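Working notes for the structure below.
FYI, it's all coordinate maths here, none of it is from the lab. A quick note on method: Cβ atoms are made from the backbone with ideal geometry, for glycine too, and the neighbour counts reach across all protein chains shown.
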Amino acid sequence: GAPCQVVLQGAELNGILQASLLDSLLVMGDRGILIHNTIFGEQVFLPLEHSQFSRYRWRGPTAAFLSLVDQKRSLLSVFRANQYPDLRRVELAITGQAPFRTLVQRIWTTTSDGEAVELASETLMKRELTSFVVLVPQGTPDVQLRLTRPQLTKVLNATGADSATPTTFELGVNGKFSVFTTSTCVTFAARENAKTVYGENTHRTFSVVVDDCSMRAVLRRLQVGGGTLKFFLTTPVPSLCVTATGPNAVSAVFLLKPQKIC
Amino acid sequence: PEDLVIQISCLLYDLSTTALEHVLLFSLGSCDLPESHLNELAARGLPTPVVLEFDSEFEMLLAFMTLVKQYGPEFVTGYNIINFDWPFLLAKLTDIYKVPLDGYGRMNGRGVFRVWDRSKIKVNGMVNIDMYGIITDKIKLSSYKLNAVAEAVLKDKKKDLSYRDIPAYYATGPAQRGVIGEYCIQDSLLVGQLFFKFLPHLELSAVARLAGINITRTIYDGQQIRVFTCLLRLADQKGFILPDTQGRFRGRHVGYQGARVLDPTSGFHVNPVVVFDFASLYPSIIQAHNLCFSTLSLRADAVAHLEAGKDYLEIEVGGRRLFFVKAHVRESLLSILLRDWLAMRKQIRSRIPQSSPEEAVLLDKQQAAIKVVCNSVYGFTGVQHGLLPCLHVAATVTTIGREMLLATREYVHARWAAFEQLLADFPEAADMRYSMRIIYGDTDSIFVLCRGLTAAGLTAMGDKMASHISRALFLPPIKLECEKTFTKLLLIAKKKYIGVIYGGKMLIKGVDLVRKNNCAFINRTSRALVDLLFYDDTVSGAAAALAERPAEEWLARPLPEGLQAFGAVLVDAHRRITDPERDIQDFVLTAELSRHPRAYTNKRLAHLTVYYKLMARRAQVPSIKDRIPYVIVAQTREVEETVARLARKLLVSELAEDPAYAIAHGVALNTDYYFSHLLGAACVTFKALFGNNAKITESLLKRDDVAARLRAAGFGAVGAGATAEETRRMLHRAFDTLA
DNA sequence: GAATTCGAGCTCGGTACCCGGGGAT
DNA sequence: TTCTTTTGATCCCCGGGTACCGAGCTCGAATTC
């Protein structure tokens, strides 16, 4: 079909619908789509691999779309919880030349007797940005630990309120994971019951420090169900990434100020 | 009794030769005028000041009134002499000294010597022309202080003495009292210059001569007694009589339906926009259609013996059928009346060049006067509980006005829709090459956006178009005429637009650069922006490019590469607003009081706030139509506590200091407010570029600290600031870095 | 119960009036 | 004791105010993999 083509028929689309994120940026290309947004001053990402579509096909340089088509609607609003009840399928077809591509989104709802009505009242058309640059995370973390809903809920409870009281994810020797602040402190065991988190490269102790306490708001909006907590410190500015293990892989990088010590 | 008059300057000109004859200075106590001032007077040829010294205030005021009686100046003037000078003096002479002024006019007694607070004054046989009121209706200024008016009209940077500095001076010897006397004389010399620039007596006497009222009723009593007297003359000739109704008589509400304001196709129009409009619209309707009281018939019997359409007009006004019989049945008093005024309007202009230099100046003030009577007729009929009203005539005038605006629009849309029909009417269009759509209109004007036609000869054919329309549609006294041609127009809103007339001047119509609210800072930068938009090419290109996208697409995309200088001005203004020299005369807002501060219902206005702050500190309380200058001072814990003391985030009506205070006490300005209002003025104007979306415009005008720390964190950039290969190779580095 | 739904309840701007008032046309 | 007139209407925009109201946005507890 048209040159770059991303199709979600049913039964792989059900995973993507199962996976704030409307006024976003959609950096499509090879290896998939990256959905980037800024909430509260932090950078939140949602990768969507090329294997993770019923058909993903790309020809040309990567393209980047604002999600708000005509500044209200959204190219991801299709994948919402209950926006279109009877939806089955979406195709994203891109057609143009490298400085100017446009992407069109058609919708397909189930009928009886195995067919689909195209809701041509609500198809979307966007134009490739025609100038953009994003700053995506890179490399791999220093040490990453997997958590759960109750675990992650309580560690987010431990963290601060405003700039007065900076928090710190130190990991001590032989399983002293700790997310404290002055007047609240929580701790886990790191294995390679109920405070025994699993992870890898657990020997890599530190004590990171954050000055900006928007982590709680940020990661509560996305309603993360517990996931990876990844630390990145071989940069002048350490950053911590958080990736829910629920239906989605929605991640959020938070910048830990340069005051890195163990 | 202790707040006394100290000096009275009194210049005595000759009204005919305009020659200053005497310069008198009444002075309580010694007064030695400085030599520099005496020599400036002798240098300019002016008489030498005759300083008269007194012991007591009563003697000084008695000698002033004695001169007023003996010399008996037929005309008196001054600046603000009806709100301060005469009320101050007369309050002294009646309250304190109990002098009867009934004989100090021209009659030896039993004459009127009274002030009213417009605030009038009626001395008998003495025509008081306060130049304050003459200048507020001949110049649009934010401040009408005599220094600002002197600079703006006379090009005379005067030095003002503030009343707070007069006690310190007066206490010293005669030499400082002489300094006060010099500032007094110079004020009156400036007012004499203003009077002889404007020559209000000549224009107002042309009006008094034509109306039938004396000159003092012309200066003071309003527009209705002129019309009533002119009508009364006509009526008494024709055999009519004007009933009294008002003799038994005494919220944005309206009496009848006004005029039509077509919907603008807002936006930046870089094509020619011919502006037709009717000359003397409503007077021409009154004359064309023979509208009057004496020609109206509410009932269809009075005309039951007359042909319809041939002997009488019949029009639905307010859902009431109204019959206005035509001339050759009865000449509508209002039509007859207007014929004379309209004839003089054009006649004088034609014979102005055919006159002496002095006679040309006479026809200047005189003709301008005959233009006031033309529009005065319409208001007379539609004033409710005014003298001799008829809202049937006034509503008929506006009804025909609305019909004509639409009739003209439909004629233009039907006849000249294709260029062949335009060429058939006007062969001179052949060298001017399309569409021709009215994109705006107002009570009489229509803005015809002529696409495909050159702006060069478009007014010369617009005259012929206008004659064509006026011949085809309207009755003889009515006349549409092409008055402008904009080579660029920014139709902002209904009564708002900017546009550069053809090969020429900028016309700014009600877009707050022409409004007396704002501070010179916001006006200066707003003007800078509109000059960029209109004159500076490569910003008119970018601005005309902004319409190729719907407004919300600019919230995502980078704005066209020309408009950058349009934000450089804003950026500079942001710098300039915070800079700590910030002379706060650039930041002085104003507002007119316009009614007693008790007659407001919304008493939470900034100028009322500052009015009461001025009356609280015993400073000079403004008058009902003064302008009340004020700054918006920064919200500070002290200001907060003071406002609650006189009683969060304070309102702008509670951060409403006046500039004299805010300099004396070094109160600092509210940078937040003044910049938000700078951007507000920019947004109000330039929302027309962005689909009239003030929201989108605001966002795009208010358009680091993330890119910094990312470049610090070893993220390379991929996009603008590198060659395309460098962005590709870094994109490779990222994709293999994540994978 | 542990997730899990949309369900029900908060608040938090947003927009639009709604309005008076300035001050144009 | 103290005043004691005069054109008309239309229109946008701002400041000060109110009042929904959808959007989020988490909690709280029936229905439940």
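Results, tabulated for the structure shown:
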quantity	calculated
Kirkwood-based shape ratio for chain A, expressed as Rg/Rh from alpha carbons	1.03
Listed residues A:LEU21, B:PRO34, A:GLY41: farthest to the positive end of the dipole of the protein assembly as shown (Cβ charges)	A:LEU21
Amide N of segment B:682-720 lying under 17 Å from the label point, which is placed 7 angstrom from the Cα of A:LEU22 along Cα→Cβ	none
Gyration tensor (alpha-carbon) shape descriptor, segment B:128-274, a/c threshold 1.5	oblate
Alpha carbon Rg of segment B:364-433, scaled by the compact-globule rule 2.2 N^0.38 Å	1.80
Modelled FRET efficiency - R0 51 Å, B:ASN214 with B:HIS413, Cβ distances, 0.05 increments	0.50
Loop-resident sites, segment B:460-514, for trypsin sites (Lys or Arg not before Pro), counting at most 16 other Cβ within 10 Å (DSSP)	B:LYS494, B:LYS495, B:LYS505
Positive-pole candidate from B:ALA556, B:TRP86, B:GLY103, dipole of the protein assembly as shown, charges at beta carbon	B:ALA556
Proximal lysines relative to B:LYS197, as straight alpha-carbon distance under 22 Å, when same-chain residues fewer than 8 apart are discounted	B:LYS138, B:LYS140, B:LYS145, B:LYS155, B:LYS157, B:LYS158, B:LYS159, B:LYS365, B:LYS371
Gap separating the Cα centres of segment A:190-216 and segment B:344-414, nearest whole Å	84
Environment charge of B:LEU387, counting only residues whose C-beta is closer than 15 Å and scoring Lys/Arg +1, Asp/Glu -1	+3
Of B:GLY125, B:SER594, A:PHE206, farthest towards positive along the dipole that unit charges on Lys, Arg, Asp, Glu beta carbons give the protein assembly as shown	A:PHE206
Cα-based Rg / Dmax (Å) for chain B	31.7, 109
Gap separating the Cα centres of segment B:625-676 and segment A:14-78, nearest whole Å	49
Segment B:253-377: relative contact order in percent, alpha carbon pairs under 8 Å with at least 6 residues between	25
Charge dipole magnitude, Cβ of K and R +1, D and E -1 - the protein assembly as shown, Cα centre, debye nearest 20	2120
Förster radius 30 Å - calculated FRET efficiency between B:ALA668 and A:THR205, Cβ distance, rounded to 0.05	0.05
About the Cα centre, charge dipole magnitude for segment B:168-229 (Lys/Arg +1, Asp/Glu -1 at Cβ), debye	180
Sites B:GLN620 and B:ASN108, calculated FRET efficiency, Cβ-Cβ separation with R0 25 Å, nearest 0.05	0.10
Cα-centre dipole for segment A:14-63 with unit charges at Cβ (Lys and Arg positive, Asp and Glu negative), debye to 20	320
Per-q log10 I(q)/I(0), the protein assembly as shown, q = 0.04, 0.08 Å⁻¹ (Debye; single scatterer per alpha-carbon; no solvent)	-0.34, -1.04
DSSP bridge orientation in segment B:1-130 - percent antiparallel, rounded to nearest 5	50
Estimated vicinal HN-Hα couplings, Hz - segment A:69-76 in sequence order (Karplus 6.51, -1.76, 1.60; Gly, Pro = x)	6, 6, 6, 10, 6, 8, 5, 9
Isotropic mean projected area of the C-alpha convex hull, segment B:39-141 (nm²)	8.7
